[PDB]
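Structure first, then comments.
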Amino acid sequence: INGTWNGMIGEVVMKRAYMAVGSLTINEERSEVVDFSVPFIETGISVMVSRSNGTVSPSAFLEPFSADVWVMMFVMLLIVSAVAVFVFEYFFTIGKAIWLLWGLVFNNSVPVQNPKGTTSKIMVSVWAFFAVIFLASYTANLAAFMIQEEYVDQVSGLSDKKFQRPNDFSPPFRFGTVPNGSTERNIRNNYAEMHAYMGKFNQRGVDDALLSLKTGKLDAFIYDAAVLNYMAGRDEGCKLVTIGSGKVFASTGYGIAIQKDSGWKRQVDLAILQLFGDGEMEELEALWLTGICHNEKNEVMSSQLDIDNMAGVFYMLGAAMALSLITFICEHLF
Amino acid sequence: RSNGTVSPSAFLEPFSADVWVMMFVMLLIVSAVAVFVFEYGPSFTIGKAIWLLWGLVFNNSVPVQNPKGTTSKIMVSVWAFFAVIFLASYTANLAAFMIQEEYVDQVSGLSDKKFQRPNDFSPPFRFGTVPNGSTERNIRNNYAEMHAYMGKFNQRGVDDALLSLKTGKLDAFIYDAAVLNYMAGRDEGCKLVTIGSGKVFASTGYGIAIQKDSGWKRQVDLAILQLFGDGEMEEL
Amino acid sequence: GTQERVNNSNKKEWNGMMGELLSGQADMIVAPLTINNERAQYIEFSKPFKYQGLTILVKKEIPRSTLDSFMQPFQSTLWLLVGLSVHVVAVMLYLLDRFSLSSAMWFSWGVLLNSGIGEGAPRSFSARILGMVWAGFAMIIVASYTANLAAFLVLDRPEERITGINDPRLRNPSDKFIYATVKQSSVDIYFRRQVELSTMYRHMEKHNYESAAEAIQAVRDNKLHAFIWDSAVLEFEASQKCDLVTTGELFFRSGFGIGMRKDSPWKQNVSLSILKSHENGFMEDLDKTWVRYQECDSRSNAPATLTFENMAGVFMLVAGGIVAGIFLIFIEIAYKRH
Amino acid sequence: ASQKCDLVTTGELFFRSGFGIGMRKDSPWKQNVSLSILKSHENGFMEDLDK
Amino acid sequence: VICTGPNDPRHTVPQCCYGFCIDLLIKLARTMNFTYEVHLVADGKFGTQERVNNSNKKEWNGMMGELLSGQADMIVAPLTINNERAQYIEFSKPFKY
Ligand SMILES: O=C(O)[C@H]1CN(CCCP(=O)(O)O)CCN1
Ligand SMILES: O=C(O)[C@H]1CN(CCCP(=O)(O)O)CCN1
Ligand SMILES: [Mg+2]
């Protein structure tokens, strides 16, 4: 400000201090007055979002049995009906037999007309046993499939259609960040339309942004990677989620500021590299930079069913109704 | 370690007895109400209605004759809906009740009838130990019947004893606590387990042997106590 | 016993059994007294007569079924949709039969659920296919409902209890978990001396009790969440009263010894006596007489049973249907007469 | 693991490090190279390259 | 860019190479005026410190050995920064964490 520096950087430049140990970010402009050692922690521009349930499965009802199994069952039923009708004739039509078999497969939900004989009765009993086994297996597999997990939205590190052109989505994406900071300046310098769009959302304070995200008034919070990671692990639950470390924007790190020509830069760099190699960095991160939900795994949730979940079955019923109407119209002539 | 099966009475676990009695009373009340309502060849009877309701409850498998009344049809439909809901709930609860885990017999340890009175039990417990050792002498000095019984189960070799235990040739292996724990921590799978640390017979410890009247004993003891207090013992 | 400042002078001194032994008011300490470095620098401990560690007490609340009503699996929207769809299918079947009545409605109702009263089957090919599709849809709906109910019941388990001292819930104190202690014992010294345990010590400093009995009673109630007293006492309490359980694993191995002054002509004899008692079997007899006995064992948490919560809703609807039938019988008879 | 559909990178990251340009000691390029790397990181060239 | 190195016959057949590292090298060359001549490491290994059948003499191999010997002036590749390699050569600020 006004040419002169300020804070830890200013004190180091003014010669009243030799090093500045703390959460200092390494940048090009700041490296022209002081010398930075190898960063001991990585950081950047990250986005925090909220977890989504995601337990819908419109086609789940077809999962238990593959199409080949269904076709084989249909062909076997047709063959059994034909053989039964032939046996009955040898000792009432094919349509009646197929209707009876269909009713038997679906737990005898319709008042079918039973045939007369002994071989026919034996075949009907065998088909009933097969239908019972098939229904039990289908119900068991459907129950097994009903277990659903929780997923996280896939964002390609600030390079998604939701961030470049949010207007495309009917519920436009609402992403915000704290203004009057380095993140806002970097976003404005790099992108123009995105900055103008995000200007409408100027949440002030990390706590305010977290509260807005939890309530739902905001869709994503753009901030520093390290701060977001620290805040994620100290949340009441596991709703807040940070994108992977491989999709951060403007990667940088935290370093130790030293005078331009001090002679300790090599020693400190070697010491930090030795600490990284030995393994104390992981222990320090676990001891300090780790919350209750930091290592939490995706839980298993059993949500209920709604109209959209029942998709397909209603579509199948509508298709059957349309086919019945078409057949009635066509056969009305002859 | 064992596996554990399902209890013979598990088929009644899903519903409490009060639920069954309430269902029976509700069925009786519904049958009586239907019989009364039917007033306003196949003569209707209370017994026939009760049989129809009972058959239609589980899976309406048995043949029944439906009533000719109007409100009787609505009553039967409501009862069928209740029966389907009840059957679905029972099946779901039974499926949830079939998830069972493993368990350990939890032997008291050298203090129960298993190691004292094996004859008055199922086929006698086959517990053994490696002969020619301090454990054998301790058992002989402290017990006589147990030593005589174990004399016929002399499993020579720790590895041999473990192999015999795995194949069922032995029921229990009596040995040193630390060695048994270390072996249990490296055995294939998790078939072998060790009794709890709170049920160990003739407990002792591993120490450092020093001179008869050396002055380093106090320093060594204090250092060991400091190591215990700091927490490095758990890490080691 | 614990070293603390008198708050009046700058001289610190022991309190309790340790202070009494040092003050000369006693020549021995025959009671549970863990051996630690702090207390070993002033008095002499004999060989341990009871090895133990540290455990945690848990209330182990009985499981309950989260299910409330039979409508949980399906939202009201699905119920309304199926109710309208059954009528739509019945009307379509009646129209198809007429072109090429209550019978269609009865058939639809008997096919959807298992009433068994929907007699009369369609004779047209289109009506036959529609009935087959309706039966298949009803079967699929019932199967989906049963599967969802089973999945919900299976995944309905109580919250996991504390596991050891490394549990993150313990490392991050909150306003719900308490896990107090006796406020003057070896546990307090151990937790204060720990380097990476400042948060836990600070949290426990504001809730420590005055005696083990009070802490156990509080745990039995809803005032306390956990107790970290010891293992030889917590296990006995759990065995005697199966209302509480012991969770986790021992994390501070130690033993009980006999306390005596530095210059006492009994240390060697007492240690030899303790060793002889351990070897011969006297200690085993004492443990069996006073410790090795229980009243009610433990049982792994089993699935809950459907209580009258399941009855609520279902029997309410049954009663409502019976009332509706009793009310409508008169109207039906009057309509028939008219 | 993005163009195979049968390989998965399961686990957490350990021994965090970074890729750098190696040169001989006392070379008149270290400062300029590091400044260029920082400028590329800030401008967004690295993001474009990664994409 | 032309890319001279061994194949599999110890001939140095010149292929053409490209990618992230090549783009970064081109950008660096544009920023600071200097020409380049890329070639592949004959050994084919990143580099480590090993012994020899003769007397115990420290020596590197791969890219590190080539750079230390003097056959190359700069290394442009996915080379990690560690204490062992930092005592002999100088690393720039990381371009990928
Ligand atoms: O630059 C630094 O030295 C500090 C300051 N940072 C705050 C970033 C504020 P914004 O998100 O850009 O508005 C946190 C760590 N680095
Ligand atoms: O006393 C010792 O010096 C050793 C010997 N121990 C072997 C015990 C042999 P057994 O179980 O009594 O037959 C193992 C550790 N202590
Ligand atoms: Mg049926």
The residue that is farthest from ligand 1 (Cβ to nearest atom), considering only those in segment C:110-137 that are in contact with a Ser or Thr (Cβ under 6 Å, 6 or more places away or on another chain) and assigned to a helix (DSSP H, G or I), is C:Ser126
Subset of segment C:151-196, residues in a loop (DSSP other than H, G, I, E, B) and of a type in the set (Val, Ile, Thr), comes to C:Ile162, C:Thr163, C:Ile165, C:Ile178, C:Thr181, C:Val182
Residue hits (segment A:19-33; away from ligand 1 (no atom under 12 Å from the Cβ) and more than 9 Å from every other protein chain (Cβ to nearest Cβ)) are A:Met19, A:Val21, A:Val33
Is there a residue being loosely packed, with under 10 Cβ neighbours inside 10 Å, in a loop (DSSP other than H, G, I, E, B) and aliphatic (A, V, I, L, M) anywhere in segment E:43-56? yes
message = Kindly evaluate C:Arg202 against the criterion of being in contact with a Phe, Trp or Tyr (Cβ under 6 Å, 6 or more places away or on another chain) and of a type outside the set (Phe, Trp, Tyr).
response = no
Residue pairs within 9 Å by beta carbon, gap of at least six or interchain, first lying in segment B:122-142 and within 12 Å of chain C (Cβ to nearest Cβ), second more than 16 Å from ligand 1 (Cβ to nearest atom) and of a type in the set (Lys, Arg), listed first then second, are none
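So that you can scan it fast, the table gives a plain yes or no per residue for (1) away from chain C (no Cβ under 14 Å); (2) polar (S, T, N, Q); (3) surrounded by 14 or more Cβ atoms within 10 Å (Cβ to Cβ); (4) away from ligand 2 (no atom under 16 Å from the Cβ):
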residue	(1), (2), (3), (4)
A:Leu101	no, no, yes, yes
A:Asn107	no, yes, yes, yes
A:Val110	no, no, yes, yes
A:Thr119	yes, yes, yes, yes
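Residues checked against (1) farther than 27 Å from A:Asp208 by Cβ; (2) touching a helix residue (DSSP H, G or I) at 6+ places or on another chain (Cβ under 8 Å):
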| site | (1), (2) |
| --- | --- |
| A:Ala143 | yes, yes |
| A:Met146 | yes, yes |
| A:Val152 | no, no |
| A:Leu158 | no, yes |
| A:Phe163 | no, yes |
| A:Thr177 | no, yes |
| A:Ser182 | no, no |
| A:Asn186 | no, yes |
| A:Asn189 | no, no |
Subset of segment C:33-83, residues under 24 Å from the mean Cα position of the chain (by Cα), more than 23 Å from C:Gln194 (Cα to Cα), of a type in the set (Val, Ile, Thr) and not in a strand (DSSP E or B), comes to C:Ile62, C:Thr66
Of those in segment C:148-166 that are closer than 28 Å to C:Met200 by Cβ and β-branched (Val, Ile, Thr), the residue surrounded by the most Cβ atoms within 10 Å (Cβ to Cβ) is C:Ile165
Taking first residues from segment B:173-191 that are on the phi > 0 side of the Ramachandran plot and second residues anywhere that are more than 13 Å from ligand 2 (Cβ to nearest atom) and among the small types (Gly, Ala, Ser), the pairs with Cβ under 9 Å that are 6 or more apart or on different chains are none
Picking from B:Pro131, B:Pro124, the residue that is assigned to a loop (DSSP other than H, G, I, E, B) and either buried (at least 17 other Cβ atoms within 10 Å of the Cβ) or more than 13 Å from ligand 2 (Cβ to nearest atom) (or both) would be B:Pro124
Scanning segment D:15-39 for residues that are within 12 Å of A:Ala250 (Cβ to Cβ), buried (at least 18 other Cβ atoms within 10 Å of the Cβ) and more than 7 Å from chain E (Cβ to nearest Cβ) gives none
Condition set away from every other protein chain (no Cβ under 13 Å) and hydrophobic (A, V, I, L, M, F, W, C), scope segment C:163-199, selection farthest from C:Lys223 (Cα to Cα): answer is C:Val182
task: Might you let me know whether segment E:76-90 holds any residue that is more than 8 Å from chain D (Cβ to nearest Cβ) and surrounded by fewer than 11 Cβ atoms within 10 Å (Cβ to Cβ)?
output: no
**Asked** Any residue in segment B:88-95 that is within 16 Å of ligand 3 (Cβ to nearest atom), facing chain C (nearest Cβ under 9 Å), surrounded by 15 or more Cβ atoms within 10 Å (Cβ to Cβ) and not hydroxyl-bearing (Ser, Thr, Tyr)?
**Response** yes
Only one of A:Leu287, A:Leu305, A:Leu317 is within 9 Å of another protein chain (Cβ to nearest Cβ) and exposed (fewer than 15 other Cβ atoms within 10 Å of the Cβ), namely A:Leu287
Picking from B:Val220, B:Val200, the residue that is within 14 Å of chain C (Cβ to nearest Cβ), under 27 Å from the mean Cα position of the chain (by Cα) and either closer than 20 Å to C:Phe251 by Cβ or more than 13 Å from ligand 2 (Cβ to nearest atom) (or both) would be B:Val200
Note: among B:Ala202, B:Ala209, B:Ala178, just one is small (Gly, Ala, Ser), more than 16 Å from ligand 3 (Cβ to nearest atom) and not in a loop (DSSP other than H, G, I, E, B), namely B:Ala178
Inset, instruction - Go through the residues of segment C:248-258 one by one and say whether even a single one is surrounded by fewer than 19 Cβ atoms within 10 Å (Cβ to Cβ), touching a strand residue (DSSP E or B) at 6+ places or on another chain (Cβ under 8 Å) and over 24 Å from B:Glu235 (Cα atoms). - result: no
| said: Based on this model, can you work out whether A:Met281 counts as more than 22 Å from A:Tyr230 (Cβ to Cβ) and either in contact with a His (Cβ under 8 Å, 6 or more places away or on another chain) or surrounded by 13 or more Cβ atoms within 10 Å (Cβ to Cβ) (or both)? | reply: no
Just one listed residue, out of A:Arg174, A:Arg185, is within 14 Å of another protein chain (Cβ to nearest Cβ) and either more than 15 Å from ligand 1 (Cβ to nearest atom) or of a type outside the set (S, T, N, Q) (or both), and it is A:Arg185
Residue pairs qualifying under the 8 Å Cβ cut-off, at least six apart or on distinct chains, with the first in segment B:200-213 being small (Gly, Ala, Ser) and the second being part of a loop (DSSP other than H, G, I, E, B) and surrounded by 12 or more Cβ atoms within 10 Å (Cβ to Cβ), are B:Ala202/C:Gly281; B:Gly205/C:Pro48
By my count, strands (runs of 3 or more DSSP E) wholly in segment A:213-272 with at least 3 residues that are farther than 19 Å from D:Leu13 by Cβ are A:220-224, A:249-258
When A:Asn2 is run through (1) out of contact with any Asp or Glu (no Cβ under 7 Å at 6 or more places or on another chain); (2) surrounded by 15 or more Cβ atoms within 10 Å (Cβ to Cβ), the failure sits at (2)
The residue that is farthest from ligand 1 (Cβ to nearest atom), considering only those in segment B:30-78 that are in contact with a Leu (Cβ under 6 Å, 6 or more places away or on another chain) and part of a helix (DSSP H, G or I), is B:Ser31
Log entry, pairs with first residue in segment A:166-184 being charged (D, E, K, R), second being in a loop (DSSP other than H, G, I, E, B) and away from ligand 1 (no atom under 16 Å from the Cβ), beta carbons closer than 8 Å, six or more apart or on different chains, reads A:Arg174/A:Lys217; A:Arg174/A:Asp219
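Here Cβ is always computed from backbone atoms with ideal geometry, including for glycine, and neighbour counts include all displayed protein chains. Each value in this text was obtained by applying a stated rule to the coordinates, not by laboratory testing.
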